[PDB]
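As structure tokens, one chain now follows by itself in the form deposited in one PDB entry.
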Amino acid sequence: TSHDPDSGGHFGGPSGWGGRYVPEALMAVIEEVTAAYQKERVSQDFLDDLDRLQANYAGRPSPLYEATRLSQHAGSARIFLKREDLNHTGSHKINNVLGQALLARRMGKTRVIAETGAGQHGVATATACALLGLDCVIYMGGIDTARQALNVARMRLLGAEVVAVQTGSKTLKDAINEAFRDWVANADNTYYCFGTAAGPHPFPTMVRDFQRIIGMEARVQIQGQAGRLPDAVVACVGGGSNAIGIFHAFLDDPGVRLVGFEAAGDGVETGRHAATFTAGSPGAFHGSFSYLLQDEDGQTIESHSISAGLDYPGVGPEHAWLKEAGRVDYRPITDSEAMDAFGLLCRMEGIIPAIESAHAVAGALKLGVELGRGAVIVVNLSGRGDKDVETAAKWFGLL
């Protein structure tokens, strides 16, 4: 398509977003996955299995719901919620996993590994591996196993082995490091089911392609319900999978604003945040050239966020390309702002969101005040908040 990278995975030509910043030891399996995806993405047998699982198993299409009780809290704008929280396993991650798990089987791989931070990608990977009869190992930071314990037990119930990563900041970037070390050693029989729109080529493109169904549905649904294209489409941005998935169908609609909201932790001025675009700079990290939080020597600055899914110091390269082109704007949302939107969504619409998604809801409220009455703002509600109930109840003193 018009927005795809070259055969080397580079977005935007000379700027060099993406690519493959991996060791040569991984190139045989990386090229192996790239070829298998190019072969199967045009195979009707493959596409039939994917659509069929998304329909009868994952529960697609997810609905688009106008949260009318939020309007007065958003400058009387019209907030539409793309209800990815209603998917099987409870987030958008199942979209990307069903595609990659089917691909892992087409390649003959007998083992699937994955990282997880909020646990949603781990639960999704474990879910598809149980369905397809694949061995599954999930790497999860020790801090993430504590604050997302519900998903740890869900993964173990689904037959997946969970390895707690205790190195580094014990969060998402540390689980990715360990899963990389695993893939290097077991590349000939193990498929790496990467969970976000980052990594080396072909993963930023392939993950986005499996998440494009979100925006394609949203673009049809918003025209049917509102009579026109939205004034803005917003989503939270950790690595960038749920945002790029809903953004993509609107890239060529020049009137549609696109805003991604990243985690700002205790505040961007505090050094305890994950605001990659707000405070980071270009660099090579986790297989791609993109933005990341780094110090003056290029060492990765550890991120912090109340949300485990956005607690990541990097970002996918296609987002760095869209920021450079000025097509998408990226704004910070703090822990406090996200938790306010959390409770507000509970009391107004009876929807308990993932703390990740609460960032997008918080930014939508601020964008609604800017755009004014009658403005249509589509929000990607990436997941539900079952995993975050303990954290949120403690935040509001309900114990």
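The numbering used is simple: start at 1 and walk along the sequence shown.
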| query | finding |
| --- | --- |
| Between 1 to 9 and 389 to 397 (mean CA B-factor, as deposited), the higher | 1 to 9 |
| Which of 165 to 173 and 285 to 293 has higher mean CA B factor, as the PDB entry lists it | 165 to 173 |
| Among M107, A232, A149, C236 - the residue whose C-alpha B-factor is largest in the record | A149 |
| Residue of maximum C-alpha B factor among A249, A124, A187, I301, per deposited coordinates | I301 |
| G350 - Cα temperature factor, lowest/middle/highest third of chain | lowest |
| Third of chain Cα B-factors occupied by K93 | lowest |
| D329 - which third its CA temperature factor falls in, relative to the rest of the chain | highest |
| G383 - Cα temperature factor, lowest/middle/highest third of chain | lowest |
| Chain-relative CA temperature factor third for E178 | highest |
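Separately, the form deposited in another entry exists; it is not shown, and the next lines address it.
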| property | result |
| --- | --- |
| Hinge pick from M107, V163, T278, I352, given that two rigid parts rotate relative to each other between this form and the one not shown | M107 |
